[PDB]
Amino acid sequence: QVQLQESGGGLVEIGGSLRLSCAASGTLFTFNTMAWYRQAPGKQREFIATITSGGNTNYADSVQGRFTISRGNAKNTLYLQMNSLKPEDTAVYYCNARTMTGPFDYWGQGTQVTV
Amino acid sequence: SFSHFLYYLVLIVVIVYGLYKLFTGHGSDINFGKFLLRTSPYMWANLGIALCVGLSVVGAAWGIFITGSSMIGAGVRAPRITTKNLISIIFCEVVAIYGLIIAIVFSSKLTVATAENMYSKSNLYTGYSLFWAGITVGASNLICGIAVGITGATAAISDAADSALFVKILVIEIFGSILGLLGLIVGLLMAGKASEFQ
Amino acid sequence: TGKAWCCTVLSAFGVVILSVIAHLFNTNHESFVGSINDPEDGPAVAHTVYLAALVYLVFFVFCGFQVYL
Amino acid sequence: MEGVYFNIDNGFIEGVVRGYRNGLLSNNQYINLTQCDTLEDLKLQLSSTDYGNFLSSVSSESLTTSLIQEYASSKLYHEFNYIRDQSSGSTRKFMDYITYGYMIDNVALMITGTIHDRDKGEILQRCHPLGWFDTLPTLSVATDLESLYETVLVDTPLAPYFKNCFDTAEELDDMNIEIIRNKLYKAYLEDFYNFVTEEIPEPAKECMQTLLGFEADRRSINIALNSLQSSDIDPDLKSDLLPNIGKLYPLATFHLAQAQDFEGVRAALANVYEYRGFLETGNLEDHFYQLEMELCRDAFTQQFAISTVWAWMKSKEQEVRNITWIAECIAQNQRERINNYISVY
Amino acid sequence: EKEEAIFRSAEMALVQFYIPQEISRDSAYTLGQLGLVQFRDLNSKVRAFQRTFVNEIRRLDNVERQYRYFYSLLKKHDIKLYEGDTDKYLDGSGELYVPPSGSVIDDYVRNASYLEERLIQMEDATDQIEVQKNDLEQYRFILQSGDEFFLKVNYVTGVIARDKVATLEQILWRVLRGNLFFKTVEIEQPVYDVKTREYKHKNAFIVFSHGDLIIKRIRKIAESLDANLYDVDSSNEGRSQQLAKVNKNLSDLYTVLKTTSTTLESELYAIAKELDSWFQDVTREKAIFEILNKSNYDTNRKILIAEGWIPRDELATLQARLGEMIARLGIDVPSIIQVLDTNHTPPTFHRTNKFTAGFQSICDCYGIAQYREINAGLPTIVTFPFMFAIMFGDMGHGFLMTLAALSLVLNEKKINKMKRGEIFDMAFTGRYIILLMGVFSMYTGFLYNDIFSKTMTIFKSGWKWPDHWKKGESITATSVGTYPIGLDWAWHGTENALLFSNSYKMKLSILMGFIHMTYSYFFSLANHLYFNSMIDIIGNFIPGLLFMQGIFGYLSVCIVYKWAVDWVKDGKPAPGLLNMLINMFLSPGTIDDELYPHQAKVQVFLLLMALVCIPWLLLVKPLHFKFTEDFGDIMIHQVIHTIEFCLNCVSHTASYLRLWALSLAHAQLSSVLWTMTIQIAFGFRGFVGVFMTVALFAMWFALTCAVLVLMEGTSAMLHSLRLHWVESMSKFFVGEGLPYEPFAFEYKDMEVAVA
């Protein structure tokens, strides 16, 4: 069985920088796609960023140039780093890992951040 | 015999199917090129590596039992045979070493390609290259094992008659064993220019 | 007589090998409880392995006497 | 090709038999035997050869040429049975076919001994031990061939060969037995040749077809010359006794059956090159043995061919004939004929 | 002082013997007691039955025939001869003792002849009684049969072998044409035939008919199949009367059998005390004449001439002991001994001890070394067990093998004295070589850092893992240093371990192979110099050296050089060793990735050096002989040697990959066996868990000992032998020498002699 865990969450000072870390275990292959999502109270989930196995990156316009997404040295490890934070960024954040075809689409439990 | 009947049945149905597709105007349905162009190159490469050592080992094993059974039979009244004639077994066994060696070299080529480049020019070339390169080494080694084995059995039978004969017959095994090197050399040449799967 | 020797030496190796393995488990040695797939509890395993060593110790002294007489 | 499949089954046999071939006496060894002057010396000289210790249990005063013949033969008969025991499949069938010839001879010998009312205990001790079968001595219980066939011979592997025999007179006789013996051999060689053609692969196929052909030819010539001792034989009756497989067949065998005298036999035989000069000179059987040995020596040059065991079997038999001839010359002291041994090797 | 004949053969001397005919027989016994000299055949040209001592040989040969006959009579019965007294004449020490007098030998001849005459008549008279005893026993069995047997003259009856009865029933049904009435019963005790001394399962039968002319045929048919027919009356009274009479005859017959049989066994029990002693004397009496038969008899003088090889080192003892003989014999004589020089080839002799003997055997089993060429024994002592260990690398299996050999070597005083089985004698002969390969297996097992497929964390590792990670998260280590002894234990259970182990072991295999071949090849030089053959230096050794080192020495230097360069720090791509080796031949002067400066210049030079050595090796020695049609054989030999040497150079170097293959296979079987038969036990608890653990360990230890030591050890051991006989030894070993085989006396087993 596959599973994922976030880490690095918590409250932070206004304008402060922060990093979120994520990992996935229990599968032999490298995931084609891995991504981050967020959800503030009273709203649906919002897309933030995604990165391919080839290192291609894509971002939401709201965090363009503010957030950066990257993969770690070892297989199926992921990072997100935000250089400054504001109240409109406060939410719970999720990891997502996907396969190029089929139902194999995994989601993490999530972690909170607030100003 | 029943097996020959199957061969002619299969020949006839293939002909009829080809003629049928041709006359109805669908002659382009049986498109060998698109099959060859669309099957996964990992099949060709792994199938080549497997048959390379597989057929080489068959050759060595076949060569050994050809030589060994006669050598043991000749040795019954001339046990001096057993220790000097071992060289014929050596020439058979080395044919398996060449098969193993090529498997070492080719195994380094089996990287994993990204989906965007799976069926590109370079990856297809490597797939066909490793397949046929494996076959020539395997087939040449299979043939070589038989020829050395048959000569080895002949040498043991002759040595039991007069020790002076063995040295003269041994020359023929050397000529036989050279076919192992030539198979190896051509195998390395036709594979040497291929690149690992990108 | 020869009948007793094999059971003697097999037990003799049993005593030392099982007890050494038990000690490493009791110590939580990395080569025995380090993996995610290793058992979850060192001393719990050590106890049962240690009892297995005692079983072979009984067979050792039993056969040691039978071969001595 | 030739060699890739033979050794799966026969490889061990081919090695051992050629081991035996290396034991055959050479010309120099016959010469050394010729220079002995007592059987007690012949025993010592032979022990240096491959024959080894085979007489090491025999007292010096008990040495006789018949004892040497018996022990020398027994050596071969054990080696043959050993090789057969290690065989299987078509090879086993082949070696049994070699055996049928000897038991066909034992049948005629046993009946001949019976019709003279001689003790069965005497007859058995001169039957050939390869031609043995379970009920051989039971052929001594009667004289009627119809009764013997139903009693015994239907149960033996010889049964098919009596297909042409039963039109006999009611009671047997010396001449009547011999025509039976030949009409058995007639069927046997044709069956043996057919089996070789059907079931034995190359190059052994052609090798045996040649070797069996020679025996058919020799069988034919002797029958023609022996019939000339009779007051009469119907040529159509004589025609049945000549095998169909020989080099002489059909053209020469037809004239050979029609022929009435030695001059006519020569006129018939002179048409065939391989026997062009046989009847003019020397001894006829001496020529046959010489040519028989040439064919065997040729066969040994093949490899991975089961005919090798036929070649070994026949060559070793001639060696016993040689050794006994020399031993007889030593014992009887009539040395001037001693050099007539036959040796190709 | 004696020379240490283990590095090269002992120096041999040829010595002539002139012995007066009077002292001949006595002297030759002393030379047999010496057990030291190997004689030549001075007159091989004369025929066997013409040699001068043939009559003497025949005399003892007839006695040995009779002793084989007597031994057969003993073995036919349960009687057993007196064992032992093996050491009465000699401890094998070579002390002088006096031989039997001629009158004693005459008495043995006379006595043996007398005994054969008695036992022949006695034995033949005995079995005649046994036949009658056997016959009456069979007859009685019929009369004791029940009346049911006779219900359905009216019948014929008898006894027959149980295999043949099937044919008898078939034949009778055939000739009676279905009117057959046939009954049969089995017999419980097998019956022996004196005709063969083999036993038959017998059977009894009866058939019914009236017609006289049929009854006659039935009797003939039954007799034809070796059946014993018996006349039996139809009345129960008559059968009872016949049964009574038969019992009287049978009762009386036991008295005859027992009196004669016990007489015979009393005779055998006497000779059984002495036969082995007689045989030991007579066999030596034959052997001594067999030596004299090879000497040159002189008719102009009462003297015999003989020749033999003696080690130059021992010659003073030979002169001394013959002096002692003359002292005891009193007869004066001129010098028996004259030393002689010749161009004949001497025999090869190597002195040995309980340690070296096993290793020397492994070499002699391939061939006898040429006189005073380098003995392969010494290099074999260490390199054979070490080349085994480098494959059989594991401290666990190494220990078990070491302990086994220790139990065997410490008891050697006891084991040497007892009788040993066929396989056990092979093991005992190898005790030291097994011990030595055991302890090496420990050392190389430690460098592989493997004990029963588990690693040992002796020293601190040179790799450091990340400072944090989560359950099941993949991680990669960073280097801190280098491990001091063996493989770093951080590699265990590592999911990419194989890619490091295979890189390491394959390079280790090639390096060991190259060094072993290089070291062995230099013994060729040590032979050429010792025999002062310079053309061999200039023609064979030098070109061979340049060809061998120019390619595979270069390859060895490259792989050991590549380890010394920090490719990651210095920012250059790590070059491919397979590519540069192949391209050096198939695309010379071209490089994909640079390994060192000026690489292209060196590679093309070394290629040219390798090529020019070919014609240099091929031509120079034949041409030298041509300048001094026998030269044709020198030409043929050299080209055969040339082509073999060149292709063997690559073929042999490749074959050393076996060291890696056998090791990798050995490692994986060990790992799987633990994973399948011990790792299970830790999943259970309680007394069921204890029982599961105790049972599984026994399974694990059984498989470990039976397969991973006995079978794997045997497989690896004989691959080490292959590498020595073929790859290593062929570089210097000439062989085809003559073994040293001195005339001597020893105990001969009566059982083996009759066999």
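Residues displayed in chain B correspond, in order, to Swiss-Prot positions 16-213.
Heads up, header says this was done by electron microscopy, 3.3 Å.
Using the three backbone atoms N, Cα and C, a Cβ is placed for every residue, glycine included.
Residues or ranges marked as topological domain 'Cytoplasmic' in Swiss-Prot (evidence: a curator's inference): B:36-61 (among others). Same-chain residues lying 6 or more positions outside the topological domain 'Cytoplasmic' (B:36-61) and placing a CB less than 8 Å from one of its CB atoms are 121, 124-125, 133-134, 138-139, 141-143, 145-146, 212.
The transmembrane segment annotation in Swiss-Prot covers B:62-82 (among others) and is backed by sequence analysis.
According to Swiss-Prot, the topological domain 'Vacuolar' annotation covers B:83-100 (among others), on the basis of a curator's inference. For the topological domain 'Vacuolar' (B:83-100), the DSSP counts in helix, strand and coil order read 11 helix, 0 strand, 7 coil.
Per Swiss-Prot, the feature transmembrane segment maps to B:101-121 (among others).
Annotation comment: Swiss-Prot describes B:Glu108 as site 'Essential for proton translocation'. Of all Cβ atoms in the shown protein chains, 18 besides its own fall within 10 Å of the Cβ of B:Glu108 (site 'Essential for proton translocation').
Within the chain, the topological domain 'Cytoplasmic' (B:122-144) has long-range Cβ neighbours (under 8 A, six or more residues past its boundaries) at 52-53, 55-61, 64, 205-206, 208-213. Swiss-Prot lists B:122-144 (among others) with the feature topological domain 'Cytoplasmic'.
Per Swiss-Prot, transmembrane segment is recorded for B:145-165 (among others), and the stated evidence type is sequence analysis.
Marked as topological domain 'Vacuolar' by Swiss-Prot on the basis of a curator's inference: B:166-183 (among others).
Proximity of distant same-chain residues to the transmembrane segment (B:184-204), defined by a Cβ-Cβ separation under 8 Å and at least 6 residues beyond the stretch ends, is recorded for 102-103, 106, 109-110, 113, 116-117, 120, 148-149, 151-152, 154-156, 158-159, 162-163, 166-167, 169-170, 173-174. Annotated transmembrane segment per Swiss-Prot: B:184-204 (among others), in sequence order, evidence recorded as sequence analysis.
If one looks beyond the topological domain 'Cytoplasmic' (B:205-213) by at least 6 residues along the same chain, the residues whose Cβ comes under 8 Å of a Cβ in the stretch are 56-57, 60, 120-121, 123-129, 132, 135, 137-138, 140-141, 144-145, 147-148, 151. According to Swiss-Prot, the feature topological domain 'Cytoplasmic' maps to B:205-213 (among others), an assignment based on a curator's inference.
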Coarse DSSP state, helix versus strand versus coil, of B:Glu108 (site 'Essential for proton translocation'): helix
For the topological domain 'Cytoplasmic' (B:122-144), the number of residues DSSP places in helix, strand and coil: 13 helix, 0 strand, 10 coil
